[PDB]
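Everything on this sheet refers to the single structure shown next.
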Amino acid sequence: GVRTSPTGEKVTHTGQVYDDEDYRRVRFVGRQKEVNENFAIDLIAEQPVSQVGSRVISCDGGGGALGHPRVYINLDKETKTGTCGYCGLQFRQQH
Amino acid sequence: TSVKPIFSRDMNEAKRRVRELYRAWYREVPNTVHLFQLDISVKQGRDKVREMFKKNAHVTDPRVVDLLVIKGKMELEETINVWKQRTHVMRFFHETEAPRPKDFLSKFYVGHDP
Amino acid sequence: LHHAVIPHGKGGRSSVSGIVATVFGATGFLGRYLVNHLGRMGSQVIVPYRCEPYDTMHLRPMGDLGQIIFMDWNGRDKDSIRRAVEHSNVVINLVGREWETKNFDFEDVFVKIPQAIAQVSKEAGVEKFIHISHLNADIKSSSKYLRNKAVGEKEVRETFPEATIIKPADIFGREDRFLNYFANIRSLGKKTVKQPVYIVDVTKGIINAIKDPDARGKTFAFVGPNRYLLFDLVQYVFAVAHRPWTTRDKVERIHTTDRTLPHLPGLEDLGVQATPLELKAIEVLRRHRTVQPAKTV
Amino acid sequence: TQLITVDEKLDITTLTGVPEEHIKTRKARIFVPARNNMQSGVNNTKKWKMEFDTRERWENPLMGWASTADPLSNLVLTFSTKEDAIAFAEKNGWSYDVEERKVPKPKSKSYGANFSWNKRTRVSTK
Amino acid sequence: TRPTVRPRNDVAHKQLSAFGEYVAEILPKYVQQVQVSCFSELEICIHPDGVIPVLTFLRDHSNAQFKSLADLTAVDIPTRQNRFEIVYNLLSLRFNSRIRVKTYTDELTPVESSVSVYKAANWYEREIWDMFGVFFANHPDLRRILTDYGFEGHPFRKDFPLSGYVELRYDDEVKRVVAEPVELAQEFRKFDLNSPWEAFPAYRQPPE
Amino acid sequence: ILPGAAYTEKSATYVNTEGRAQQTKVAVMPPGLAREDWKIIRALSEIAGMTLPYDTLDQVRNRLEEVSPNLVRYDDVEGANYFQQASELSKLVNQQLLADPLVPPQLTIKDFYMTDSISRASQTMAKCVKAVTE
Amino acid sequence: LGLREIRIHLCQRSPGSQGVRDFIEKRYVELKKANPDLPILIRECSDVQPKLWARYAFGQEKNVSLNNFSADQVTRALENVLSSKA
Ligand SMILES: NC(=O)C1=CN([C@@H]2O[C@H](COP(=O)(O)OP(=O)(O)OC[C@H]3O[C@@H](n4cnc5c(N)ncnc54)[C@H](OP(=O)(O)O)[C@@H]3O)[C@@H](O)[C@H]2O)C=CC1
Ligand SMILES: [Zn+2]
């Protein structure tokens, strides 16, 4: 989800881009500014919210021990989903 | 306040040792300029020796000047026996180091150090 | 003033001096010591090089990481010049050849390329521009070097009106072609009077001309403290070096006396004590060994 | 005899190899460190520490790292008493200032005071 | 406490306690403390005037025969007025045992060199000169052994910073490696790691 | 404009409402070309040809001790006597009390979060004000 | 050119400041009624020797030690300060 400054420079997923009057763009002259074009904030928004039938859900990130530590998410708020603090997946009670 | 001496019982023996170390350095400076093929004069090297001796000239403790004479003898042995290279001799002449701001106003201009 | 170019540190290798310098001709004799004295402050140094990158290797230990940026440039390519100078707050010109070539004569090296660099540095918004002419530059000079260098000085002055133009007389150093020319010639003795200047004095003068805001638009003349006749200077060179490639233009320049310009400022007006030859000639000519000093006028 | 009488002040500044800039322009701070108020443990408040005045940290132009020029920026020393720290700073020629140890004063606690008959110190909930 | 706990060796503790009493009463002129650790290591903490008589005893006595000098060590502890703690690790091959002989000095009091007892010490205390500044009287050739030739400062003193005061670089103007004041492009990041809770109640010191 | 140091950026004496002198320590350095405040005034004095007789922070604190010696005795509350003489001097000129009621300038939590230039530049204090005004 | 302020440093408990204390309890008020636009800064401290600072015009400061004076001697030193104005 990369955009571009008016200087022609790609803004990173942090939001870093040099100013126009910043001399430190000279390090990319004849070379390239390596950015990653797979923004994790744009990819975790693309996931579907898991509709579960319980009140407390557990997430480990999938894969068992290949994920994150197993946390428990409360789903009592019907206004807002319950988001895992590690992997960013989000859950909704189906009632 | 009764301490064990290193070499000198008082300050007069200590000044004798300081004086003999200065004599040995003063004799050594032309040989050091020659065999390390330095770019300084013999007079400039003797000025650096005199500067390094006057740097410690405020010490009143016999044990501290005994250790200063011991460390000067060690540096002299590293100079006579060619163990130092040219670079270790020329480190007394801080030549590539730019001169620091000395007054208040230029230290104010360059930064925060008092 | 931008926040990344505010000076920080204590003036060392890892510091920030706030100088972003594009040094054209940095692979030569003056560029060596200018990049050494810039990168030891923590300055961003853009080195545009024409030559083999191997021939730039000696410029790499001269500063901290990322502080020397090497990039390709051609003298007849204004786009490469704009590509090199557009981030810099100072541009130093050191482009020079003692001899003319098949692809570059004295007018290309001294008139066309300095006017191109100064025009592009004006139209890129560069604050400071330092140009290096010669002390003996004149339109009516017998050598083509000094004629084209006087023309190029005039064009630099008219296309960058705030250019610091610097006149070195005859720069001597470890990689010079002044003491190393006389020590390897083993052309004659005439009535030529010279005051050569040491390269570290020239480099300290250039950096003081960068740091001084009063040096904008000035024309400095970098000369030594002692004037010498050509004959006893050559005899002193042969006496120190323990001795018992050229063109006719170089001969005309060695037989051209170094003029006295008291109306131009010099090394004393930049806070530089000019080092005499008697301290540094042994350091230069120690290479040439397998002395009463020269008489000053 | 084999013991000499040196009535002078103990001064080793010519022997430590510290340059003059980092002897005479530094202010040593001698202090017991404060308890981190994120925590109730007090085992970091048992010793005296010596630190120095923080000098300039600036941004590395390449990476944005914290570049420093102060060699003494990490020098933290540990002392059993205040006088050992004072003697070590005087021996090394460091100009110092000492903050005295702040102990917590003894509180008066009573669980029954949570349920007084007539005082304001009743808890509204427990 | 069987699987994960280190097994305690009571026999060696009793034997090293008996030999520590033995050395403390043969040499009461210099022995200040005698202690045995929980992992059975004997330490004889002596006065520094008895470096030669104690070490000559343990090397030559027929019940000690500590013929090998394993290691010679200093420790800077700046809170003590005798900040340097000189440590002699000794090995008896005859009785298959190790002893530790510990003494002290400050910056200015010389320690007597033990090259007449153990020639192995010839470099070790030489290193204690280079790393700590402890002078050793009557050493045969006492000078620096590890630092650079123009090195000012004794680095393993704990008031010496981690990076030094100088750093080298090549300088092409003077055509020479030069020394400048150290500027780090990234400062060493000091981590305050110590927990505010008491870890070992057996080591609790009595308060003021 | 003379860019100065803030309280986290200088070793600096502040005296509270009970007269206790206290000193900050340098946590970070001032940003850019900003400098410590008395350094600025002292450099201004040297430019003006009226150079003030101090160079270091300790010499400023010697001057500060010369003007009143309580300003360098840190974590100490010097007791101030002589209420009677001040009360006798207050009886001289009878100023009249205004009919306006005593209203403090901060009545609610709204008025608390922004008083000085650091709090007015604070986005967190702006969120506190916007949170208590809704 | 003229006196600008007066600073009187003293101790709360030291006997060497006692006469200075005896000056301020009795003679300060009619001093201040005599000089309403003159700042006479009384500064008490813990262990200081007594001192009379007299700041004059253009930054000039004279310095009188009030140690072990009686209140009469403090009165005379202060009226010499008021009458000098140099
Ligand atoms: N004694 C002296 O040397 C004096 C010198 N000057 C002036 O100072 C300047 C620097 O002198 P110096 O170091 O001795 O000269 P050098 O010959 O040693 O180096 C000059 C530099 O200019 C570059 N250069 C030359 N011609 C061209 C070209 N056509 N296109 C691109 N780059 C080019 C060279 O690059 P590359 O390595 O690729 O060839 C080199 O880096 C010159 O302008 C000279 O006229 C003035 C007075 C005295
Ligand atoms: Zn998860």
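Counting neighbours? That spans all protein chains shown, and the Cβs are built from the backbone with ideal geometry, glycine included. Just so it is clear, none of the values below were taken in a lab; they were calculated from the coordinates.
Limiting things to C-alpha atoms, what are the Rg and the maximum Cα-Cα separation (Dmax) for chain E, in angstroms?
21.3, 69
By its C-alpha gyration tensor, with a ≥ b ≥ c as the square roots of the eigenvalues, how is chain B shaped: rounded for a/c under 1.5, else prolate for a/b larger than b/c, else oblate?
oblate
Choose one of B:58, B:80, B:101: the residue whose Cα lies farthest towards the positive end of the charge dipole of chain B (beta-carbon charges +1 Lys, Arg; -1 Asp, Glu; about the Cα centre).
Highest projection toward the positive end goes to B:58.
Can you give the alpha-carbon Rg of chain D over 2.2 N^0.38 Å, where N counts its residues?
Expressed relative to 2.2 N^0.38 Å, the Cα Rg reads 1.69.
Non-local amide H neighbours of residue D:95 (under 5 Å, H modeled in plane, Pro and chain starts lacking H): which ones?
D:26, D:28
Residue-wise, which Karplus ³J(HN,Hα) couplings in Hz belong to the stretch F:51-63, taking 6.51 cos²θ - 1.76 cosθ + 1.60, θ = phi - 60°, and x for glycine or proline?
Result, ordered by residue: 4, 6, x, 8, 10, 10, 5, 5, 6, 4, 6, 5, 4 Hz.
Less than 14 Å apart at the alpha-carbon level, and either on another chain or at least 8 residues along: which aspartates and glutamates does that give for residue G:33?
F:88
Step through the table entries B:55/D:91; C:167/C:194; B:107/C:211; C:218/C:280; B:55/D:24; F:39/G:51, compare each Cα-Cα distance with 23 Å, and write down the pairs that go over it.
C:218/C:280; F:39/G:51
Please list, in chain and number order, the residues 5+ apart from residue F:35 or on another chain whose amide H is under 5 Å from its amide H, with Hs placed from the backbone.
Hits under the 5 Å cutoff: F:4, F:5.
What's the Kirkwood radius of the stretch F:61-115 in Å, using all Cα pairs?
16.2 Å
Would you kindly give the portion of the calculated P(r) for chain C that falls above 36 Å, as a percent of all Cα pairs?
Counting every Cα pair in chain C, those more than 36 Å apart make up 14 percent.
Quick one: net charge of residue E:194's neighbours, Cβ under 13 Å, K/R +1, D/E -1?
Value of the local net charge: +3.
Can you give the Kirkwood hydrodynamic radius of the protein assembly as shown from its Cα pairs, in Å with one decimal?
36.9 Å
Going by alpha carbons, how many degrees (0 to 90, nearest 10) lie between the helix axis of E:121-132 and the longest principal axis of chain E?
The helix E:121-132 is inclined about 50 degrees to chain E.
For chain A, give the share of DSSP beta bridges that are antiparallel, in percent and rounded to the nearest 5; count only bridges with both residues there.
If I count the DSSP bridges inside chain A, around 70 percent turn out antiparallel.
Kindly provide the chymotrypsin sites (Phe, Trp or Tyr not before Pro) of the stretch D:25-126 that DSSP labels as loop, not H, G, I, E or B, and whose Cβ sees at most 15 other Cβ atoms within 10 Å.
Those satisfying the criteria are D:111, D:117.
Tell me what chain C gives for mean residue ellipticity at 222 nm when only DSSP H runs of n ≥ 4 count, each as -39,500 (n - 2.57), the sum divided by the residue total, rounded to 500 deg cm²/dmol.
-9000 deg cm²/dmol
For chain G, which trypsin sites (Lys or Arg not before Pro) pass both filters: DSSP loop (anything but H, G, I, E, B) and at most 12 other C-beta atoms within 10 Å?
The qualifying sites are G:13, G:85.
Place a +1 charge on the Cβ of each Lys and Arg in chain G and a -1 charge on the Cβ of each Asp and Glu, then give the dipole magnitude about the Cα centre in debye, rounded to the nearest 20.
The dipole magnitude comes to about 120 debye.
Report the convex hull volume per residue for the stretch A:14-83, counting only C-alpha atoms, in Å³.
Normalising the Cα hull of the stretch A:14-83 by residue number yields 171 Å³.
Please compute the contact order of chain E in relative form: average sequence separation of alpha-carbon pairs under 8 Å and at least six residues apart, divided by the residue count, as a percent.
Dividing the mean separation by the residue count of chain E yields 12 percent.
Computed from the mean reciprocal separation of all distinct C-alpha pairs, what Kirkwood hydrodynamic radius does chain F have, in Å?
After inverting the mean inverse Cα-Cα distance, the result is 19.3 Å.
So which trypsin sites (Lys or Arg not before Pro) in the stretch F:53-105 pass both tests, a DSSP loop state and at most 14 other Cβ atoms within 10 Å of the Cβ?
In loop regions of the stretch F:53-105 (DSSP not H, G, I, E or B), the sparsely surrounded trypsin sites (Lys or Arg not before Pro) are F:91.
Hey, got the Cα dimensions of chain G along the principal axes, in Å, largest first?
35, 24, 18
Among the DSSP beta bridges whose two residues both lie in the protein assembly as shown, what percent are antiparallel, rounded to the nearest 5?
60 percent
Quote the charge dipole size of chain D about the Cα centre in Debye, to the nearest 20; the model charges only the Cβ of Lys and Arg (+1) and of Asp and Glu (-1).
I would put it at about 1640 debye.
Farthest toward the dipole's positive end in the stretch F:63-134, which of F:123, F:90, F:79, given Cβ charges of +1 (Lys, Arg) and -1 (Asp, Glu) about the Cα centre?
The one lying farthest along the dipole's positive direction is F:123.
Could you work out the relative contact order of chain F? I mean the mean sequence separation of Cα pairs under 8 Å and 6+ apart, divided by the number of residues, in percent.
Relative contact order of chain F: 18 percent.
Suppose we keep just the alpha-carbon trace of the stretch E:1-88; what are its Rg and Dmax in angstrom?
For the stretch E:1-88, the Cα radius of gyration and maximum Cα-Cα distance read 15.0, 46 Å.
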